[PDB]
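*Asks:* Below you'll find the structure I mean.
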Amino acid sequence: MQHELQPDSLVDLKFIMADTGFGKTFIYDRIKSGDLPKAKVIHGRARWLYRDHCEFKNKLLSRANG
């Protein structure tokens with residue numbers, strides 16, 4: 001299921017894990033550190049904004065993690 005979205009769109013955890021290759025725990029921490037998730041999370045999960053990925057990825061891509 002290759003679904004393409006734009007910076008502002010609704011992503012899911014599985015997507016993030018595909019996007020990043022890392023675990024959920026890393027996501028919530030790292031994305032908060034990115035620029036605080038604008039993602040619409042109300043019950044531990046819901047819908048994530050891809051923007052938060054872009055901004056989080058930004059800091060990791062800059063530092064070159066790994």
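Chain lettering (A, B, ...) mirrors the order of the structure tokens, residue numbering begins at 1 for each chain separately, and ligand numbering begins at 1 in order of display.
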Could you list, as an MDAnalysis selection string, every residue within 12 Å of residue 56 in chain A, counting only C-alpha atoms and ignoring same-chain residues fewer than 3 positions away?

*Replies:* chainID A and resid 16 19:20 26:38 49:53 59:63 65

*Asks:* Mind the document's chain letters and residue numbers, and return as a list in words the residues of chain A that DSSP labels strand (DSSP E or B).

*Replies:* residues 10, 11, 40, 41, 46, 47, 48 and 49 of chain A

*Asks:* One decimal, in Å: what's the spacing between CA of residue 40 in chain A and CA of residue 10 in chain A?

*Replies:*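 For CA of residue 40 in chain A relative to CA of residue 10 in chain A, the distance reads 8.7 Å.
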
*Asks:* What residues in chain A get the DSSP label helix (DSSP H, G or I)? Please answer as a count of residues only.

*Replies:* 34

*Asks:* Report, in Å with one decimal, the straight-line distance from CA of residue 1 in chain A to CA of residue 48 in chain A.

*Replies:*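 Interatomic distance, CA of residue 1 in chain A to CA of residue 48 in chain A: 17.5 Å.
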
*Asks:* CA of residue 57 in chain A to CA of residue 22 in chain A: how many Å, to one decimal?

*Replies:*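 For CA of residue 57 in chain A relative to CA of residue 22 in chain A, the distance reads 12.0 Å.
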
*Asks:* Which residue, A:46, A:55, A:23, A:15, has the smallest gap to residue 3 in chain A when you use only C-alpha atoms?

*Replies:* A:15
